[PDB]
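Read through the structure below, which is laid out as C-alpha cells, and then see the notes.
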Amino acid sequence: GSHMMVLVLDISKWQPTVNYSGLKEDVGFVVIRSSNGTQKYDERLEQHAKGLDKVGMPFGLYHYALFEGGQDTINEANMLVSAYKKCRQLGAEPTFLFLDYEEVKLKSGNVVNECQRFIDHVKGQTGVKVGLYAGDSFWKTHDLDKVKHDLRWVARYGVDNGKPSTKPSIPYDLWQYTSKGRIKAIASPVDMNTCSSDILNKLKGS
C-alpha cells in the first residue's frame with residue numbers, strides 16, 4: 001500500500017500530446033482508445049502505444065462501441081483485435097482489453113447479448129482478458145451485470161473536479177472518478193481512475 005492513491009489513466013486522441021515518461025512516477029497503468037466502431041482507429045493509437053512501450057508503462061486498449069448487431073458486432077470486435085495486432089506489430093504488448101459500451105446503435109436486439117458476443121469474440125481471438133466499461137447509471141439500466149467478462153470498469157464522476165468524488169452505486173474493479181484530471185504530463189483534461197493493488201496487478205496481466 002501507499003499514502004498515494006493508485007492512479008490509472010485512460011487516454012485517446014483527445015490527449016494528442018503526452019509526456020509519457022512524466023507518467024511513470026504516479027501512474028500504474030494506462031488504457032488507450034483503439035477505435036470508434038468500424039469508423040476509424042483512434043488517431044493517436046500508435047503514438048500512444050509506442051510512447052507507453054518506450055518508457056515501459058503497462059497498458060491496455062479500449063474500443064468505443066457503435067455496433068448495429070449481427071455481423072457488425074463481430075466486425076467491431078475485429079477492430080479491437082486488429083488494434084491489438086497493430087500494437088504488437090510496433091513491438092508493444094497490451095495486457096488487457098475493454099469494451100466501452102455507453103450508447104446504443106443496435107438496429108434490434110439486446111445490449112447484454114451483443115456485448116457478450118463482442119467480448120467472447122475478442123477473448124477467443126486473442127486469449128487476452130477483456131473487461132467492460134460504462135457509467136454507473138447506464139450499466140444498471142442496461143443490465144450490464146449480466147455480461148460475463150474479466151473486469152468491471154465503472155464511471156461515476158460526482159462534481160467531476162479532478163479528484164475522487166461520488167463512488168459508483170454498484171461494485172467496481174476500476175473506478176473512473178473524473179473526466180477533468182490534471183497531471184503535469186498532459187495539458188488536456190484527462191480521465192482518472194483508481195482501483196485496489198490486486199486489480200492493478202490484474203490489469204498488468206497477473
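Just so we're on the same page: first chain in the C-alpha cells is A, next is B, and so on; residues restart at 1 for each chain, and ligands are numbered from 1 in the order they show up.
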*Which residues, written as a list in words, have at least one atom at most 6 Å from range 145-160 of chain A, with only C-alpha atoms counted and residues fewer than 3 positions away on the same chain left out?*
residues 112, 116, 129, 130, 131, 132, 133, 134, 135, 136, 165, 166, 168, 172, 173, 174, 175, 176, 177 and 178 of chain A
Keeping only N, CA and C atoms, write the selected residues as a short mmCIF file (atom, residue, chain, number, x, y, z; two decimals), in the first residue's frame.
data_model
loop_
_atom_site.label_atom_id
_atom_site.label_comp_id
_atom_site.auth_asym_id
_atom_site.auth_seq_id
_atom_site.Cartn_x
_atom_site.Cartn_y
_atom_site.Cartn_z
N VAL A 112 -27.09 -6.68 -23.52
CA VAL A 112 -26.29 -7.71 -22.87
C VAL A 112 -25.78 -8.73 -23.87
N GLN A 116 -21.94 -9.39 -25.02
CA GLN A 116 -21.36 -10.71 -24.81
C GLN A 116 -20.74 -11.26 -26.09
N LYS A 129 -7.39 -10.97 -21.60
CA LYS A 129 -8.58 -10.65 -20.83
C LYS A 129 -9.30 -9.42 -21.39
N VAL A 130 -10.62 -9.45 -21.29
CA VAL A 130 -11.46 -8.37 -21.82
C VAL A 130 -12.47 -7.98 -20.76
N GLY A 131 -12.47 -6.70 -20.40
CA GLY A 131 -13.43 -6.15 -19.47
C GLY A 131 -14.47 -5.27 -20.15
N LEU A 132 -15.30 -4.65 -19.32
CA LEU A 132 -16.47 -3.90 -19.76
C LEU A 132 -16.51 -2.58 -19.01
N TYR A 133 -16.73 -1.50 -19.76
CA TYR A 133 -16.83 -0.15 -19.22
C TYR A 133 -18.17 0.48 -19.57
N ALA A 134 -18.76 1.15 -18.57
CA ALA A 134 -19.86 2.07 -18.78
C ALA A 134 -20.00 2.93 -17.53
N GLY A 135 -20.75 4.02 -17.63
CA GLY A 135 -21.15 4.76 -16.45
C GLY A 135 -22.11 3.95 -15.59
N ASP A 136 -22.07 4.27 -14.30
CA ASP A 136 -22.91 3.69 -13.26
C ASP A 136 -24.37 3.48 -13.70
N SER A 165 -14.68 11.71 -6.14
CA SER A 165 -15.91 12.30 -5.64
C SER A 165 -16.86 11.13 -5.39
N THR A 166 -18.10 11.25 -5.84
CA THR A 166 -19.10 10.20 -5.63
C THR A 166 -18.64 8.86 -6.20
N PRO A 168 -19.24 4.87 -7.49
CA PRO A 168 -20.32 4.19 -8.20
C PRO A 168 -21.33 3.60 -7.23
N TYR A 172 -17.38 -2.11 -8.29
CA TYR A 172 -16.47 -1.88 -9.39
C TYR A 172 -15.13 -2.54 -9.11
N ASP A 173 -14.39 -2.81 -10.18
CA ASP A 173 -12.99 -3.18 -10.08
C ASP A 173 -12.09 -1.96 -10.35
N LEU A 174 -12.39 -1.24 -11.42
CA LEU A 174 -11.70 0.00 -11.75
C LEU A 174 -12.76 1.11 -11.79
N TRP A 175 -12.52 2.22 -11.08
CA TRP A 175 -13.47 3.33 -10.96
C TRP A 175 -12.91 4.53 -11.70
N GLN A 176 -13.62 4.95 -12.74
CA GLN A 176 -13.30 6.21 -13.43
C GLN A 176 -13.99 7.33 -12.69
N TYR A 177 -13.21 8.11 -11.94
CA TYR A 177 -13.77 9.03 -10.97
C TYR A 177 -13.86 10.48 -11.43
N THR A 178 -13.21 10.81 -12.55
CA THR A 178 -13.30 12.14 -13.12
C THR A 178 -12.92 12.11 -14.58
#
*Contacts of residue 19 in chain A at 10 Å (only C-alpha atoms; same-chain gap of 6+ positions) as a list in words*: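 The residues that qualify are residues 51, 52, 184, 185, 186 and 187 of chain A.
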Pull C-alpha atoms from the residues just selected and write them as a PDB file, in the first residue's frame.
ATOM      1  CA  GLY A  51       5.104   6.126 -26.197  1.00  0.00           C
ATOM      2  CA  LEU A  52       3.979   3.855 -23.402  1.00  0.00           C
ATOM      3  CA  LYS A 184       1.659  17.750 -15.428  1.00  0.00           C
ATOM      4  CA  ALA A 185       2.402  15.332 -18.264  1.00  0.00           C
ATOM      5  CA  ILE A 186      -0.789  16.141 -20.199  1.00  0.00           C
ATOM      6  CA  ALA A 187      -2.111  19.616 -20.987  1.00  0.00           C
TER       7      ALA A 187
END
_Nearby residues (only C-alpha atoms) at most 10 Å from residue 26 in chain A, same-chain spacing under 4 positions excluded, as a VMD selection string_ = chain A and resid 4 to 8 22 183
File of the preceding selection, N, CA, C and O atoms, as a CSV table (one decimal), in the first residue's frame:
chain,number,residue,atom,x,y,z
A,4,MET,N,-0.2,7.4,-1.4
A,4,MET,CA,-0.7,7.9,-2.7
A,4,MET,C,-1.8,7.0,-3.2
A,4,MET,O,-1.6,5.7,-3.2
A,5,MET,N,-2.9,7.5,-3.7
A,5,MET,CA,-3.9,6.7,-4.3
A,5,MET,C,-3.4,6.0,-5.5
A,5,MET,O,-2.7,6.7,-6.3
A,6,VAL,N,-3.8,4.8,-5.8
A,6,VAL,CA,-3.5,4.2,-7.1
A,6,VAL,C,-4.1,5.0,-8.2
A,6,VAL,O,-5.3,5.4,-8.1
A,7,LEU,N,-3.3,5.3,-9.2
A,7,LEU,CA,-3.8,6.1,-10.4
A,7,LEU,C,-3.6,5.3,-11.7
A,7,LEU,O,-2.5,4.9,-12.0
A,8,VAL,N,-4.7,5.2,-12.4
A,8,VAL,CA,-4.8,4.6,-13.7
A,8,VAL,C,-5.4,5.6,-14.6
A,8,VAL,O,-6.4,6.2,-14.3
A,22,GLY,N,6.8,11.3,-18.1
A,22,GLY,CA,6.2,12.0,-16.9
A,22,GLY,C,5.0,11.3,-16.2
A,22,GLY,O,4.6,11.7,-15.2
A,183,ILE,N,-2.8,16.4,-14.7
A,183,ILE,CA,-1.5,15.9,-14.4
A,183,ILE,C,-0.5,16.7,-15.3
A,183,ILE,O,-0.8,17.1,-16.4
*All residues 9 Å or closer to residue 38 in chain A, only C-alpha atoms, same chain fewer than 3 positions away omitted, as a ChimeraX atom specification*: /A:35,41,65-67,72,75-76,78-79
How would the residues just chosen look if you wrote them out with N, CA, C and O atoms as a PDB file, in the first residue's frame?
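Writing done, so here's part-v9.pdb:
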ATOM      1  N   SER A  35     -10.245   2.494 -31.151  1.00  0.00           N
ATOM      2  CA  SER A  35     -11.118   2.590 -32.301  1.00  0.00           C
ATOM      3  C   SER A  35     -12.488   3.094 -31.870  1.00  0.00           C
ATOM      4  O   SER A  35     -12.890   2.925 -30.719  1.00  0.00           O
ATOM      5  N   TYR A  41      -9.769   3.751 -36.551  1.00  0.00           N
ATOM      6  CA  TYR A  41      -8.895   3.594 -35.404  1.00  0.00           C
ATOM      7  C   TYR A  41      -8.669   4.960 -34.786  1.00  0.00           C
ATOM      8  O   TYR A  41      -8.710   5.980 -35.475  1.00  0.00           O
ATOM      9  N   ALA A  65     -17.708   1.346 -28.609  1.00  0.00           N
ATOM     10  CA  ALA A  65     -18.672   0.573 -29.381  1.00  0.00           C
ATOM     11  C   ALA A  65     -19.744   1.407 -30.066  1.00  0.00           C
ATOM     12  O   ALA A  65     -20.316   2.312 -29.457  1.00  0.00           O
ATOM     13  N   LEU A  66     -20.036   1.040 -31.309  1.00  0.00           N
ATOM     14  CA  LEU A  66     -21.092   1.651 -32.110  1.00  0.00           C
ATOM     15  C   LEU A  66     -21.859   0.584 -32.898  1.00  0.00           C
ATOM     16  O   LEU A  66     -22.480   0.877 -33.913  1.00  0.00           O
ATOM     17  N   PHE A  67     -21.850  -0.661 -32.427  1.00  0.00           N
ATOM     18  CA  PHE A  67     -22.279  -1.748 -33.296  1.00  0.00           C
ATOM     19  C   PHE A  67     -23.789  -1.848 -33.494  1.00  0.00           C
ATOM     20  O   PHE A  67     -24.587  -1.544 -32.607  1.00  0.00           O
ATOM     21  N   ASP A  72     -22.122  -6.801 -37.690  1.00  0.00           N
ATOM     22  CA  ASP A  72     -21.433  -5.569 -37.330  1.00  0.00           C
ATOM     23  C   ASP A  72     -20.808  -5.654 -35.943  1.00  0.00           C
ATOM     24  O   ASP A  72     -19.747  -5.085 -35.718  1.00  0.00           O
ATOM     25  N   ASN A  75     -17.660  -7.428 -36.519  1.00  0.00           N
ATOM     26  CA  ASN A  75     -16.715  -6.575 -37.230  1.00  0.00           C
ATOM     27  C   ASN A  75     -16.087  -5.553 -36.283  1.00  0.00           C
ATOM     28  O   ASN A  75     -14.895  -5.248 -36.393  1.00  0.00           O
ATOM     29  N   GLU A  76     -16.866  -5.038 -35.332  1.00  0.00           N
ATOM     30  CA  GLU A  76     -16.306  -4.138 -34.333  1.00  0.00           C
ATOM     31  C   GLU A  76     -15.348  -4.876 -33.396  1.00  0.00           C
ATOM     32  O   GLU A  76     -14.292  -4.341 -33.032  1.00  0.00           O
ATOM     33  N   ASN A  78     -13.512  -7.277 -34.272  1.00  0.00           N
ATOM     34  CA  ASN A  78     -12.302  -7.401 -35.074  1.00  0.00           C
ATOM     35  C   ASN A  78     -11.500  -6.110 -35.166  1.00  0.00           C
ATOM     36  O   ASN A  78     -10.296  -6.155 -35.364  1.00  0.00           O
ATOM     37  N   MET A  79     -12.141  -4.955 -35.006  1.00  0.00           N
ATOM     38  CA  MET A  79     -11.402  -3.689 -34.914  1.00  0.00           C
ATOM     39  C   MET A  79     -10.487  -3.708 -33.699  1.00  0.00           C
ATOM     40  O   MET A  79      -9.327  -3.311 -33.759  1.00  0.00           O
TER      41      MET A  79
END
Please extract the residues of range 66-205 of chain A with a backbone DSSP assignment of alpha helix (DSSP H) and present them as a tab-separated table (two decimals) with N, CA, C and O atoms, in the first residue's frame.
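Final output, part29.tsv:
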chain	number	residue	atom	x	y	z
A	70	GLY	N	-25.72	-8.21	-35.06
A	70	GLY	CA	-25.37	-9.14	-36.11
A	70	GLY	C	-23.89	-9.12	-36.45
A	70	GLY	O	-23.05	-9.08	-35.57
A	71	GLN	N	-23.59	-9.14	-37.74
A	71	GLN	CA	-22.21	-9.20	-38.16
A	71	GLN	C	-21.44	-7.95	-37.77
A	71	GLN	O	-20.24	-8.00	-37.55
A	72	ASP	N	-22.12	-6.80	-37.69
A	72	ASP	CA	-21.43	-5.57	-37.33
A	72	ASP	C	-20.81	-5.65	-35.94
A	72	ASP	O	-19.75	-5.08	-35.72
A	73	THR	N	-21.44	-6.35	-35.01
A	73	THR	CA	-20.86	-6.53	-33.68
A	73	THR	C	-19.52	-7.25	-33.77
A	73	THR	O	-18.54	-6.87	-33.12
A	74	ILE	N	-19.48	-8.29	-34.59
A	74	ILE	CA	-18.25	-9.05	-34.79
A	74	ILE	C	-17.22	-8.20	-35.53
A	74	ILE	O	-16.03	-8.23	-35.20
A	75	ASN	N	-17.66	-7.43	-36.52
A	75	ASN	CA	-16.71	-6.58	-37.23
A	75	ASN	C	-16.09	-5.55	-36.28
A	75	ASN	O	-14.89	-5.25	-36.39
A	76	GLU	N	-16.87	-5.04	-35.33
A	76	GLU	CA	-16.31	-4.14	-34.33
A	76	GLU	C	-15.35	-4.88	-33.40
A	76	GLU	O	-14.29	-4.34	-33.03
A	77	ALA	N	-15.68	-6.10	-33.00
A	77	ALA	CA	-14.75	-6.89	-32.21
A	77	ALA	C	-13.43	-7.06	-32.96
A	77	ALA	O	-12.36	-6.97	-32.36
A	78	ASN	N	-13.51	-7.28	-34.27
A	78	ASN	CA	-12.30	-7.40	-35.07
A	78	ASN	C	-11.50	-6.11	-35.17
A	78	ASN	O	-10.30	-6.16	-35.36
A	79	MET	N	-12.14	-4.95	-35.01
A	79	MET	CA	-11.40	-3.69	-34.91
A	79	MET	C	-10.49	-3.71	-33.70
A	79	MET	O	-9.33	-3.31	-33.76
A	80	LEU	N	-11.02	-4.13	-32.57
A	80	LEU	CA	-10.23	-4.19	-31.35
A	80	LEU	C	-9.10	-5.22	-31.49
A	80	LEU	O	-7.97	-4.95	-31.08
A	81	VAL	N	-9.40	-6.37	-32.08
A	81	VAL	CA	-8.35	-7.37	-32.32
A	81	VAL	C	-7.28	-6.81	-33.24
A	81	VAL	O	-6.07	-6.96	-32.98
A	82	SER	N	-7.70	-6.13	-34.31
A	82	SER	CA	-6.75	-5.53	-35.23
A	82	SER	C	-5.89	-4.47	-34.56
A	82	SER	O	-4.69	-4.38	-34.83
A	83	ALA	N	-6.50	-3.66	-33.70
A	83	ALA	CA	-5.74	-2.65	-32.96
A	83	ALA	C	-4.69	-3.30	-32.06
A	83	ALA	O	-3.56	-2.82	-31.96
A	84	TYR	N	-5.09	-4.37	-31.39
A	84	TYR	CA	-4.16	-5.15	-30.58
A	84	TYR	C	-2.98	-5.65	-31.44
A	84	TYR	O	-1.82	-5.50	-31.07
A	85	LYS	N	-3.30	-6.21	-32.60
A	85	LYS	CA	-2.26	-6.65	-33.52
A	85	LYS	C	-1.36	-5.50	-33.98
A	85	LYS	O	-0.16	-5.67	-34.10
A	86	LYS	N	-1.94	-4.34	-34.25
A	86	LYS	CA	-1.15	-3.18	-34.66
A	86	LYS	C	-0.15	-2.79	-33.58
A	86	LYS	O	1.01	-2.48	-33.86
A	87	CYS	N	-0.59	-2.80	-32.33
A	87	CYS	CA	0.31	-2.52	-31.23
A	87	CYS	C	1.45	-3.53	-31.20
A	87	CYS	O	2.61	-3.17	-31.06
A	88	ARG	N	1.12	-4.81	-31.34
A	88	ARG	CA	2.15	-5.84	-31.31
A	88	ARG	C	3.12	-5.72	-32.49
A	88	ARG	O	4.31	-5.99	-32.35
A	89	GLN	N	2.63	-5.29	-33.66
A	89	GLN	CA	3.48	-5.05	-34.81
A	89	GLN	C	4.54	-4.00	-34.51
A	89	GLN	O	5.64	-4.06	-35.08
A	111	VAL	N	-28.81	-5.47	-25.50
A	111	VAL	CA	-27.48	-4.94	-25.21
A	111	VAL	C	-26.59	-5.99	-24.54
A	111	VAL	O	-25.43	-6.13	-24.92
A	112	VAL	N	-27.09	-6.68	-23.52
A	112	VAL	CA	-26.29	-7.71	-22.87
A	112	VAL	C	-25.78	-8.73	-23.87
A	112	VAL	O	-24.59	-9.05	-23.90
A	113	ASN	N	-26.68	-9.25	-24.70
A	113	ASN	CA	-26.28	-10.30	-25.61
A	113	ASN	C	-25.24	-9.82	-26.61
A	113	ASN	O	-24.29	-10.54	-26.91
A	114	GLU	N	-25.41	-8.60	-27.13
A	114	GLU	CA	-24.47	-8.11	-28.12
A	114	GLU	C	-23.12	-7.78	-27.50
A	114	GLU	O	-22.08	-8.06	-28.09
A	115	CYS	N	-23.11	-7.21	-26.29
A	115	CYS	CA	-21.87	-7.02	-25.58
A	115	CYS	C	-21.17	-8.36	-25.38
A	115	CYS	O	-19.96	-8.46	-25.52
A	116	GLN	N	-21.94	-9.39	-25.02
A	116	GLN	CA	-21.36	-10.71	-24.81
A	116	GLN	C	-20.74	-11.26	-26.09
A	116	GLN	O	-19.64	-11.83	-26.05
A	117	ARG	N	-21.44	-11.11	-27.21
A	117	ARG	CA	-20.90	-11.56	-28.49
A	117	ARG	C	-19.57	-10.87	-28.80
A	117	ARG	O	-18.63	-11.53	-29.25
A	118	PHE	N	-19.51	-9.57	-28.56
A	118	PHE	CA	-18.28	-8.82	-28.79
A	118	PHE	C	-17.14	-9.35	-27.93
A	118	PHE	O	-16.05	-9.64	-28.43
A	119	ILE	N	-17.39	-9.46	-26.63
A	119	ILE	CA	-16.37	-9.87	-25.68
A	119	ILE	C	-15.91	-11.30	-25.94
A	119	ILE	O	-14.70	-11.57	-25.96
A	120	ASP	N	-16.85	-12.21	-26.18
A	120	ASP	CA	-16.49	-13.58	-26.50
A	120	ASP	C	-15.59	-13.62	-27.73
A	120	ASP	O	-14.64	-14.40	-27.78
A	121	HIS	N	-15.91	-12.83	-28.74
A	121	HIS	CA	-15.11	-12.85	-29.96
A	121	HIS	C	-13.69	-12.38	-29.70
A	121	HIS	O	-12.72	-13.02	-30.12
A	122	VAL	N	-13.55	-11.26	-29.00
A	122	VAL	CA	-12.22	-10.73	-28.75
A	122	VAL	C	-11.39	-11.69	-27.89
A	122	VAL	O	-10.22	-11.94	-28.19
A	123	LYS	N	-11.99	-12.23	-26.84
A	123	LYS	CA	-11.28	-13.20	-25.99
A	123	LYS	C	-10.87	-14.42	-26.82
A	123	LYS	O	-9.73	-14.90	-26.70
A	124	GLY	N	-11.77	-14.92	-27.65
A	124	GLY	CA	-11.48	-16.10	-28.43
A	124	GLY	C	-10.41	-15.90	-29.49
A	124	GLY	O	-9.74	-16.86	-29.86
A	125	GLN	N	-10.29	-14.68	-29.99
A	125	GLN	CA	-9.28	-14.37	-30.99
A	125	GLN	C	-7.90	-14.14	-30.40
A	125	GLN	O	-6.90	-14.44	-31.05
A	126	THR	N	-7.84	-13.62	-29.18
A	126	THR	CA	-6.59	-13.13	-28.63
A	126	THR	C	-6.07	-13.87	-27.40
A	126	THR	O	-4.87	-13.86	-27.15
A	136	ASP	N	-22.07	4.27	-14.30
A	136	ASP	CA	-22.91	3.69	-13.26
A	136	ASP	C	-24.37	3.48	-13.70
A	136	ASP	O	-24.86	2.36	-13.75
A	137	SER	N	-25.04	4.58	-14.03
A	137	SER	CA	-26.45	4.57	-14.39
A	137	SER	C	-26.73	3.75	-15.65
A	137	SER	O	-27.66	2.95	-15.68
A	138	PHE	N	-25.94	3.97	-16.69
A	138	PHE	CA	-26.11	3.22	-17.93
A	138	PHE	C	-25.96	1.72	-17.65
A	138	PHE	O	-26.74	0.90	-18.16
A	139	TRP	N	-24.96	1.36	-16.86
A	139	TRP	CA	-24.69	-0.03	-16.54
A	139	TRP	C	-25.91	-0.68	-15.90
A	139	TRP	O	-26.35	-1.76	-16.31
A	140	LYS	N	-26.48	-0.01	-14.91
A	140	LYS	CA	-27.65	-0.54	-14.22
A	140	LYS	C	-28.84	-0.68	-15.16
A	140	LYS	O	-29.53	-1.70	-15.16
A	141	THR	N	-29.10	0.36	-15.95
A	141	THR	CA	-30.32	0.39	-16.75
A	141	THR	C	-30.25	-0.42	-18.04
A	141	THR	O	-31.26	-0.53	-18.73
A	197	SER	N	-4.74	-2.51	-5.26
A	197	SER	CA	-3.49	-3.06	-5.76
A	197	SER	C	-3.70	-4.41	-6.48
A	197	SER	O	-3.03	-4.67	-7.48
A	198	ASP	N	-4.62	-5.23	-5.99
A	198	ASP	CA	-4.89	-6.51	-6.65
A	198	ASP	C	-5.42	-6.29	-8.07
A	198	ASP	O	-5.02	-7.01	-9.00
A	199	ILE	N	-6.30	-5.31	-8.26
A	199	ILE	CA	-6.82	-5.05	-9.59
A	199	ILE	C	-5.73	-4.44	-10.49
A	199	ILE	O	-5.67	-4.76	-11.68
A	200	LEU	N	-4.85	-3.62	-9.94
A	200	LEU	CA	-3.75	-3.10	-10.74
A	200	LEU	C	-2.88	-4.25	-11.25
A	200	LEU	O	-2.48	-4.27	-12.42
A	201	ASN	N	-2.60	-5.21	-10.37
A	201	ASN	CA	-1.84	-6.39	-10.77
A	201	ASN	C	-2.55	-7.14	-11.90
A	201	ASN	O	-1.93	-7.55	-12.87
A	202	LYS	N	-3.87	-7.27	-11.78
A	202	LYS	CA	-4.66	-7.95	-12.79
A	202	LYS	C	-4.59	-7.22	-14.14
A	202	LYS	O	-4.42	-7.84	-15.19
A	203	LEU	N	-4.71	-5.90	-14.10
A	203	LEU	CA	-4.60	-5.11	-15.32
A	203	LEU	C	-3.29	-5.38	-16.03
A	203	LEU	O	-3.23	-5.46	-17.26
_Let's see if you can do this: from backbone DSSP, list all strand (DSSP E or B) residues in range 18-190 of chain A, as JSON, numbers by chain._
{"A": [18, 27, 28, 29, 30, 31, 32, 33, 34, 35, 36, 40, 41, 59, 60, 61, 62, 63, 64, 97, 98, 99, 100, 130, 131, 132, 133, 134, 135, 152, 153, 154, 155, 174, 175, 176, 177, 178, 179, 180, 181, 182, 183, 186, 187, 188, 189, 190]}
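Between CA of residue 194 in chain A and CA of residue 144 in chain A the interatomic distance comes to 20.5 Å.
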_Set the distance at 6 Å and use only C-alpha atoms: which residues neighbour residue 191 in chain A once local chain neighbours fewer than 6 positions away are removed? I'd like the list as a list in words._
residues 9, 10, 178, 179 and 181 of chain A
Keeping only N, CA, C and O atoms, write those residues as a JSON list (two decimals), in the first residue's frame.
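Once written, result_11.json looks like this:
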[["chain", "number", "residue", "atom", "x", "y", "z"],
["A", 9, "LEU", "N", -4.75, 5.90, -15.79],
["A", 9, "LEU", "CA", -5.31, 6.84, -16.75],
["A", 9, "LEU", "C", -5.95, 6.12, -17.91],
["A", 9, "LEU", "O", -5.58, 5.00, -18.23],
["A", 10, "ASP", "N", -6.88, 6.78, -18.58],
["A", 10, "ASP", "CA", -7.25, 6.37, -19.93],
["A", 10, "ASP", "C", -7.15, 7.58, -20.84],
["A", 10, "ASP", "O", -7.49, 8.70, -20.44],
["A", 178, "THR", "N", -13.21, 10.81, -12.55],
["A", 178, "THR", "CA", -13.30, 12.14, -13.12],
["A", 178, "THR", "C", -12.92, 12.11, -14.58],
["A", 178, "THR", "O", -12.16, 11.22, -15.01],
["A", 179, "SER", "N", -13.45, 13.07, -15.34],
["A", 179, "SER", "CA", -13.03, 13.32, -16.71],
["A", 179, "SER", "C", -12.18, 14.58, -16.79],
["A", 179, "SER", "O", -11.77, 14.98, -17.89],
["A", 181, "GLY", "N", -9.27, 15.34, -14.85],
["A", 181, "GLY", "CA", -7.99, 15.23, -14.18],
["A", 181, "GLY", "C", -6.98, 16.24, -14.68],
["A", 181, "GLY", "O", -7.02, 16.68, -15.84]]
*Counting only C-alpha atoms, what is within 7 Å of range 29-31 of chain A, bar same-chain residues fewer than 3 positions away, as a ChimeraX atom specification?*
/A:8-11,57-62
